[PDB]
Structures are given as structure tokens and as C-alpha cells.
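Worksheet: the structure to be examined is printed underneath.
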Amino acid sequence: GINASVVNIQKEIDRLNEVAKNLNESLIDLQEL
Amino acid sequence: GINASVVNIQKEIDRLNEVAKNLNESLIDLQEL
Amino acid sequence: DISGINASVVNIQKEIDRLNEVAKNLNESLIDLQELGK
Amino acid sequence: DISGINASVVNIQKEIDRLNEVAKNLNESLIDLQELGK
Ligand SMILES: [Cl-]
């Protein structure tokens with residue numbers, strides 16, 4: 001119930017953290033240019 | 001160069017759009033509860 | 001506690017709205033970089 | 001146009017900051033839902 005949504009939202013927070021991390025890696029690539 | 005970062009950022013925008021879409025699906029699951 | 005579910009729906013909705021605004025801005029930066037790129 | 005790369009770095013940095021703030025808020029909503037959940 002609520003637990004199904006807790007699992008699904010946790011997955012999305014994990015996905016969102018990957019977005020931020022990977023954008024940061026691109027920022028370093030660009031900062032260097 | 002810039003093209004490598006354009007590809008990598010596009011991938012992250014695609015990932016971010018999945019975050020928003022999937023959170024919205026969980027919101028519907030919760031709104032219904 | 002049912003007030004609780006409604007509160008979290010409203011809260012998460014606000015975050016989705018902010019994610020959508022981020023995605024719009026990132027798409028704009030992508031265009032900016034393409035203009036440098038080609 | 002080099003000003004251009006720097007501008008996009010600053011712009012994307014602002015968006016990463018906003019994503020990090022979203023993630024913090026979503027983590028808080030996750031805790032709220034867990035409190036309903038268990
Ligand atoms: Cl993924």
C-alpha cells in the first residue's frame with residue numbers, strides 16, 4: 001500500500017541522485033574546456 | 001568535445017524526465033489512497 | 001493520519017513541478033551548447 | 001563564445017543545486033510516508 005509507494009519513490013530518489021551526479025561529471029568536462 | 005557533453009546531458013534530461021513521470025505515477029497511486 | 005497522505009501528495013507534486021522546471025532549463029542549456037557545438 | 005561555455009557551466013550548476021534540493025525534500029517525504037507506512 002503505502003509500502004509499495006515508498007519502494008517506488010526510493011527508486012526515483014536513487015534515479016534523481018544519478019541525474020545530479022552525472023550532470024556534475026559533465027560540468028567538470030565542460031569547466032575544463 | 002562540446003558534442004560529447006551534449007550527448008551526456010541529453011541522456012540526463014531523458015533520465016530526469018523519467019524521474020518526473022514515475023513520481024507522477026506514484027502520486028496517482030497515493031491520491032487514490 | 002489521512003491528512004498525512006494528502007500532505008505528501010501535495011508535497012511531492014511541488015517537487016515534480018520543480019523537476020519539470022529543471023528539465024526545461026536543462027533543455028535550454030542543451031540548445032545553448034549545441035549553438036557552440038555546431 | 002568562450003564566455004558561452006562558462007555561462008552554461010554556471011547555468012547547469014544552478015540546476016544541479018536545485019536537483020539536490022529536490023532530492024532532499026523527496027527524502028523527507030519518504031520519511032513522512034514511512035511514518036504512515038509502519
Ligand atoms: Cl536509469
Side-chain angles (χ1 to χ4, degrees), chain A, chain B, chain C, chain D residues 3-38:
Chain A
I2 294 153
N3 301 303
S5 296
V6 167
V7 170
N8 291 151
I9 294 166
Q10 178 69 73
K11 174 59 227 122
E12 298 314 311
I13 291 165
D14 289 347
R15 200 185 317 279
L16 176 62
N17 283 329
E18 185 171 24
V19 178
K21 178 178 122 279
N22 292 350
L23 282 173
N24 183 66
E25 290 180 358
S26 282
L27 209 83
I28 292 161
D29 291 331
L30 287 166
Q31 277 197 90
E32 296 305 293
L33 264 45
Chain B
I2 294 153
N3 301 303
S5 296
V6 167
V7 170
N8 291 151
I9 294 166
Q10 178 69 73
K11 174 59 227 122
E12 298 314 311
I13 291 165
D14 289 347
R15 200 185 317 279
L16 176 62
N17 283 329
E18 185 171 24
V19 178
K21 178 178 122 279
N22 292 350
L23 282 173
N24 183 66
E25 290 180 358
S26 282
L27 209 83
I28 292 161
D29 291 331
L30 287 166
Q31 277 197 90
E32 296 305 293
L33 264 45
Chain C
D1 300 323
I2 217 124
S3 67
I5 300 147
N6 171 82
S8 287
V9 171
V10 170
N11 289 336
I12 294 164
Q13 182 69 72
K14 179 185 191 184
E15 301 311 319
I16 292 168
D17 290 345
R18 293 181 171 195
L19 298 174
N20 289 151
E21 186 62 22
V22 173
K24 289 196 193 152
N25 281 335
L26 285 179
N27 272 308
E28 283 279 14
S29 284
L30 191 62
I31 290 163
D32 294 339
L33 286 169
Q34 275 159 196
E35 303 267 359
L36 327 168
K38 105 277 148 293
Chain D
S3 67
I5 300 147
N6 171 82
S8 287
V9 171
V10 170
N11 289 336
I12 294 164
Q13 182 69 72
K14 179 185 191 184
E15 301 311 319
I16 292 168
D17 290 345
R18 293 181 171 195
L19 298 174
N20 289 151
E21 186 62 22
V22 173
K24 289 196 193 152
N25 281 335
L26 285 179
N27 272 308
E28 283 279 14
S29 284
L30 191 62
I31 290 163
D32 294 339
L33 286 169
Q34 275 159 196
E35 303 267 359
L36 327 168
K38 105 277 148 293

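In the text below, chain A, chain B and the rest are named by the order of the sequence lines, each starting its count at 1. All values below come from the heavy atoms of this structure, side chains included, with hydrogens, waters and symmetry mates left out.
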Measure the spacing between [atom1] of [X] and [atom2] of [Y] and express it to the nearest 0.5 Å.
X: C/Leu36; Y: B/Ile2; atom1: CG; atom2: CD1; value: 5.0 Å
X: C/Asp1; Y: C/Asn6; atom1: CG; atom2: CG; value: 13.0 Å
X: A/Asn3; Y: D/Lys38; atom1: CG; atom2: NZ; value: 10.0 Å

Decide if atom NZ of C/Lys14 counts as having more than 12 heavy atoms of other residues, nucleotides or ligands within a radius under 6.0 Å.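 Counting other residues, nucleotides and ligands, NZ of C/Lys14 stays at 12 neighbours or fewer.
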How close do B/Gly1 and A/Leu33 get, counting heavy atoms only, and between which atoms?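 Nearest heavy atoms, B/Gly1 then A/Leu33: C-CD2, 4.2 Å.
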Tell me, please, which residues at least two apart from D/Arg18 pass salt bridge (charged side-chain N to carboxylate O under 4.0 Å, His left out).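 Not a single residue meets the salt bridge (charged side-chain N to carboxylate O under 4.0 Å, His left out) criterion with D/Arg18.
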Would you mind writing out the side-chain donor-acceptor pairs for residues 19-31 of chain D within the sub-3.5 Å range, not counting sequence neighbours?
residue, atom, partner, partner atom, Å
D/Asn25, ND2, C/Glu15, OE2, 3.1
D/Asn27, ND2, D/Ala23, O, 3.0

Does the side chain of D/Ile16 come within less than 4.5 Å of D/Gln13's, by heavy atoms?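 The answer is yes; the side chains approach within 4.5 Å.
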Side chain to side chain, B/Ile9 and A/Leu30, heavy atoms closer than 4.5 Å: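 The answer is yes; the side chains approach within 4.5 Å.
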